[PDB]
Amino acid sequence: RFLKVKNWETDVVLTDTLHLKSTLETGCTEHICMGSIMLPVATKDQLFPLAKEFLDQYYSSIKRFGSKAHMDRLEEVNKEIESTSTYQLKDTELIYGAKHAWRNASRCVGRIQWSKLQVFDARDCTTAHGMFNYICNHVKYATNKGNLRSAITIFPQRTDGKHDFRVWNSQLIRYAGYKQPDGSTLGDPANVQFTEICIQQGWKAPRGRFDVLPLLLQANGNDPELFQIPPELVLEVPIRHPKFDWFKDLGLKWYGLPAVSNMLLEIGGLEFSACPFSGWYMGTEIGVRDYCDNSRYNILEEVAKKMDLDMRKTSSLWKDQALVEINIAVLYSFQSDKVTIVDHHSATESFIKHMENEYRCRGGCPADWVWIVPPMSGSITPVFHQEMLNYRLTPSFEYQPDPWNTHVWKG
Amino acid sequence: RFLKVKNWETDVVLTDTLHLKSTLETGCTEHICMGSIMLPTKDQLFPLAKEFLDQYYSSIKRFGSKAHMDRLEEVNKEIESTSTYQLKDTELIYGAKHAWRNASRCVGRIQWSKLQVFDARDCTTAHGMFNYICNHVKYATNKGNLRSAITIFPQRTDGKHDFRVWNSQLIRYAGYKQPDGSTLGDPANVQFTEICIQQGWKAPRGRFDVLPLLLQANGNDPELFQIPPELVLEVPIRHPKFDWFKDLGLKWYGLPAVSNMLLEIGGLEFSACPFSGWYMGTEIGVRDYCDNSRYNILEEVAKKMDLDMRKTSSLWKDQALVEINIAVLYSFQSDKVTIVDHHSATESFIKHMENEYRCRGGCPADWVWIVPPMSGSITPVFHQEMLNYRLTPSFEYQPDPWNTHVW
Ligand code: HEM
Ligand code: HEM
Ligand SMILES: Cc1cc(N)nc(C[C@H]2CNC[C@@H]2OCCNCCc2cccc(F)c2)c1
Ligand SMILES: Cc1cc(N)nc(C[C@H]2CNC[C@@H]2OCCNCCc2cccc(F)c2)c1
Ligand SMILES: C[C@H](O)[C@H](O)[C@H]1CNc2nc(N)[nH]c(=O)c2N1
Ligand SMILES: C[C@H](O)[C@H](O)[C@H]1CNc2nc(N)[nH]c(=O)c2N1
Ligand SMILES: [Zn+2]
């Protein structure tokens with residue numbers, strides 16, 4: 001069965017056949033749409049079929065489907081599963097898998113880049129110290145003095161679920177948040193709880209508005225340990241505005257490397273619970289969400305005051321006005337310091353081209369409109385006008401529960 | 001069964017039970033989400049009638065009463081004999097208010113129970129339709145103090161005797177294809193505008209020409225009528241800081257009045273049911289003015305503002321977008337024509353969702369449509385999980401009559 005999607009601005013119609021290759025469930029039914037809900041040990045039994053579909057995909061992609069090498073690999077994996085309860089991916093299969101997980105990431109607008117992903121194989125890692133070292137190398141390689149390069153580091157797979165590798169940070173680089181007794185928060189309110197654990201684990205907190213948090217790393221199911229990323233490795237950008245000289249006096253800065261470290265990577269039924277990956281920022285992620293969310297740094301009012309806007313009524317659009325200025329500032333500051341950034345107009349334009357390409361060559365592109373449409377100026381970006389189809393393909397990146405909720409403390 | 005929705009800004013969690021009373025299909029399945037698709041007999045009629053009467057009688061706390069059972073028998077018999085039935089006035093008003101209440105794509109529902117219902121079921125000709133419509137326009141406009149209203153024409157019979165308003169809204173501006181290749185006025189209405197000329201409308205060929213009404217009674221060929229100019233409230237668009245804004249030659253009409261939808265109550269189909277409320281500012285300022293395939297005035301405005309148009313990364317479009325929307329709200333407020341900004345409309349909707357969860361056990365809502373087309377995340381609806389499902393009575397789309405009508 002074929003499905004059509006229309007762009008209402010250009011009239012371009014595309015046909016999706018790829019959704020037929022879809023295994024996993026969405027949360028939706030014929031009676032209810034869950035499209036705006038944020039979140040809607042494996043046995044031999046379930047493992048060989050997952051391995052098989054994955055290796056069929058891999059061998060089709062290299063144009064070797066049905067070959068002796070294809071058949072011998074299936075046989076070898078099947079034998080390894082019966083013998084050991086699991087299996088090991090070849091390096092070529094791991095690279096393909098990590099790339100396809102990004103390719104399949106329906107909420108990611110940056111996917112035009114999917115095939116340029118530097119994969120670091122850290123499956124030989126055994127301790128938290130080894131983790132720390134793999135993570136510094138990643139950050140250095142990805143940062144590249146401001147000329148950012150996409151990368152992922154893959155730590156050993158889950159075995160019995162009792163020996164998990166986890167990065168306890170949600171991103172490799174993030175700022176501390178501190179709850180004061182008066183109920184105000186110092187720093188980033190998103191990281192309050194994580195900051196508290198770090199401190200509990202013996203981190204000596206500088207207690208400022210932008211303290212780069214330490215790494216909290218768990219190897220082999222062991223209790224996690226604290227490490228400070230060398231500051232010379234953390235590229236940061238002071239935020240100023242090209243026309244408002246007072247903007248710099250707000251004291252704002254942000255880090256250049258967005259690196260998600262709390263997702264689970266699934267490839268052919270194997271689960272990689274520590275797989276930090278990084279790209280580069282779209283400006284609105286910092287300027288709209290990190291700075292302007294009421295539950296984040298929440299700087300709209302302060303900026304609006306300094307602009308001397310009329311704040312007595314919402315209908316003056318003072319929030320909207322300050323919002324654009326803050327976002328101008330983020331982009332200007334990054335470009336001036338030669339740190340890779342993309343604005344929402346250019347990123348979305350690129351995504352539409354990627355999506356059309358994908359329909360033509362792959363037969364589809366799963367996309368989550370709720371997430372792809374930028375959080376400001378939605379309808380002046382071409383994605384607002386593009387119909388999309390959301391479905392789950394593997395390999396995939398999945399959410400997982402925060403580790404402090406599940407971890408068995410050894411002591 | 002029980003479903004929870006979370007607001008990620010406030011941590012408020014609501015439990016939805018109302019979805020279990022849903023009957024129509026969403027377009028989604030377990031395998032695919034279609035949430036961003038724009039368009040995703042006697043035996044047929046009695047269950048539909050019964051389901052509606054049951055909710056009606058329950059709404060007036062008379063479920064299972066003599067009045068209830070008796071009404072069900074009366075409808076059963078009329079269906080058995082005529083193949084259709086007729087709504088009581090009380091049921092028609094209840095059904096209309098509830099079609100609005102159930103409109104998942106509507107952010108302005110807090111107001112649902114204050115809808116004036118005009119029963120035009122005794123209408124028989126296009127001239128009668130015109131009279132009813134002019135009366136609706138004048139009542140709703142209320143010299144700028146807008147009041148919500150719906151006018152309901154005779155229900156479908158065999159489907160060859162349909163009442164239809166061919167306009168998409170009662171008041172819209174013309175669009176003409178030009179020798180240059182560009183478009184004068186509103187490009188969304190190019191097709192409708194040519195049909196009007198094809199029927200003999202003498203077009204002034206300007207940028208803001210109020211379209212005639214084209215009205216179809218009882219399956220007949222449709223007929224042109226000019227709405228009395230003094231019934232069409234319009235707002236000249238000026239800016240509170242920018243003197244030059246007035247000279248862009250922009251204006252808009254005060255009354256948004258959707259006229260191409262179908263109202264379904266208890267299996268009965270009302271194919272002409274124009275309804276109206278008042279604008280949220282972004283509908284005009286973001287969509288009507290700044291969509292690339294609409295008036296598309298972004299390039300022009302940013303030009304007057306002397307912005308850096310060289311790179312998208314100067315956010316010149318975003319800067320201009322904001323100023324335009326300040327202008328729309330300022331103009332309407334200065335002229336005392338009702339309008340709501342996206343911040344206040346979305347705040348009310350969150351209040352309404354809360355009312356509905358505690359009083360009705362839920363509120364169907366389509367996030368893709370509720371979140372305003374600018375400044376999404378600075379409005380509270382952005383951070384609100386919503387469940388979308390289809391309750392009846394409802395408003396539904398229907399094909400454009402020109403692709404269907406038999407001449
Ligand atoms: C190269 C530049 C990239 C850009 C500009 C970009 C952009 C974005 C944006 C804006 C989001 C939405 C997240 C939010 O706003 O909360 C997102 C989500 C996501 N992206 Fe990317 N991305 C990039 C690279 C990558 C890479 C390298 C990967 C992994 C290989 C990745 C995988 C994902 C995943 C799994 C999500 C979903 C996050 C979640 O569900 O919370 N992206 N992307
Ligand atoms: C009173 C003030 C009202 C406000 C501020 C308002 C707001 C809106 C908005 C912003 C939309 C989104 C459509 C778009 O962006 O193109 C919408 C859709 C809709 N509204 Fe309302 N509304 C109001 C009154 C009404 C009334 C009186 C009715 C019917 C009695 C109604 C029924 C609907 C329906 C059925 C839709 C979806 C139509 C479609 O799919 O195009 N609304 N509303
Ligand atoms: C690799 C990369 C590059 C880039 N520019 N941007 C990204 C997304 C992250 C950065 N800026 C925001 C995103 O952060 C990660 C997503 N946050 C969790 C989503 C979620 C799901 C379910 C429940 C929740 F409470 C939250 C990744
Ligand atoms: C009554 C009322 C008041 C108000 N403020 N706002 C409204 C929404 C209308 C006006 N501003 C635009 C909306 O017009 C109706 C929406 N048009 C149909 C959408 C659609 C769906 C599927 C396929 C398509 F091609 C098009 C109604
Ligand atoms: C409730 C709602 O689904 C939630 O706020 C989503 C909406 N869209 C988003 N889109 C992106 N890119 N990132 C987000 O965090 C969210 N949040
Ligand atoms: C493709 C997508 O479904 C389409 O552009 C929708 C998105 N959200 C919308 N939201 C509103 N309120 N009105 C619209 O016309 C649209 N268009
Ligand atoms: Zn869905």
# chains A, B, ... in the order shown; residues from 1 in each chain; ligands from 1
>>> residues_around(residues="range 337-349 of chain A", least_positions_apart="2", cutoff="8 Å", atoms="only C-alpha atoms", output="PyMOL selection string")
(chain A and resi 109-110+145-148+237+256+280-284+331+333-335+351-353+373-374+381-383) or (chain B and resi 312-313)
>>> closest_atom_pairs(of="chain A", to="ligand 3", cutoff="10 Å", atoms="only C-alpha atoms and all ligand atoms", output="tab-separated table")
residue	atom	partner	partner_atom_place_in_ligand_line	distance
A:37	CA	ligand 3	22 (C)	8.4
A:38	CA	ligand 3	22 (C)	4.7
A:39	CA	ligand 3	22 (C)	5.0
A:40	CA	ligand 3	22 (C)	8.8
A:102	CA	ligand 3	1 (C)	9.2
A:107	CA	ligand 3	8 (C)	9.0
A:108	CA	ligand 3	7 (C)	7.5
A:109	CA	ligand 3	5 (N)	8.6
A:110	CA	ligand 3	5 (N)	7.2
A:111	CA	ligand 3	3 (C)	9.9
A:150	CA	ligand 3	1 (C)	7.6
A:151	CA	ligand 3	1 (C)	8.5
A:152	CA	ligand 3	1 (C)	8.9
A:170	CA	ligand 3	15 (C)	7.5
A:171	CA	ligand 3	14 (O)	7.6
A:256	CA	ligand 3	5 (N)	9.8
A:257	CA	ligand 3	3 (C)	8.0
A:258	CA	ligand 3	3 (C)	5.2
A:259	CA	ligand 3	1 (C)	5.3
A:260	CA	ligand 3	27 (C)	5.8
A:261	CA	ligand 3	15 (C)	8.7
A:262	CA	ligand 3	15 (C)	8.4
A:263	CA	ligand 3	15 (C)	8.8
A:276	CA	ligand 3	1 (C)	8.7
A:277	CA	ligand 3	1 (C)	5.6
A:278	CA	ligand 3	1 (C)	4.0
A:279	CA	ligand 3	1 (C)	4.3
A:280	CA	ligand 3	5 (N)	4.7
A:281	CA	ligand 3	5 (N)	3.7
A:282	CA	ligand 3	5 (N)	5.3
A:283	CA	ligand 3	5 (N)	8.4
A:284	CA	ligand 3	11 (N)	9.0
A:285	CA	ligand 3	11 (N)	5.3
A:286	CA	ligand 3	11 (N)	7.5
A:289	CA	ligand 3	12 (C)	8.1
A:290	CA	ligand 3	11 (N)	8.1
A:341	CA	ligand 3	5 (N)	8.5
A:342	CA	ligand 3	5 (N)	8.7
A:371	CA	ligand 3	19 (C)	9.8
A:398	CA	ligand 3	21 (C)	9.3
A:399	CA	ligand 3	21 (C)	6.8
A:400	CA	ligand 3	22 (C)	9.1
A:401	CA	ligand 3	23 (C)	9.7
>>> residues_near_ligand(ligand="ligand 2", cutoff="6 Å", atoms="only C-alpha atoms and all ligand atoms", output="number ranges by chain")
B: 100, 103, 105-108, 148-149, 275-280, 283, 369, 395
>>> atom_distance(atom1="CA of residue 303 in chain A", atom2="CA of residue 380 in chain B")
19.7 Å
>>> select_by_dssp(residues="range 201-362 of chain A", states="strand (DSSP E or B)", output="ChimeraX atom specification")
/A:212,215-218,225-227,236-238,253-255,259-260,264-267,270-272,277-278,281-282,341-342
>>> atom_distance(atom1="CA of residue 163 in chain B", atom2="CA of residue 271 in chain B")
6.2 Å
>>> interface_residues(of="chain B", to="chain A", cutoff="7 Å", atoms="only C-alpha atoms", output="count of residues only")
42
>>> select_by_dssp(residues="range 54-290 of chain A", states="helix (DSSP H, G or I)", output="PyMOL selection string")
chain A and resi 54-61+68-84+91-103+111-113+128-146+189-200+231-233+245-250+283-290
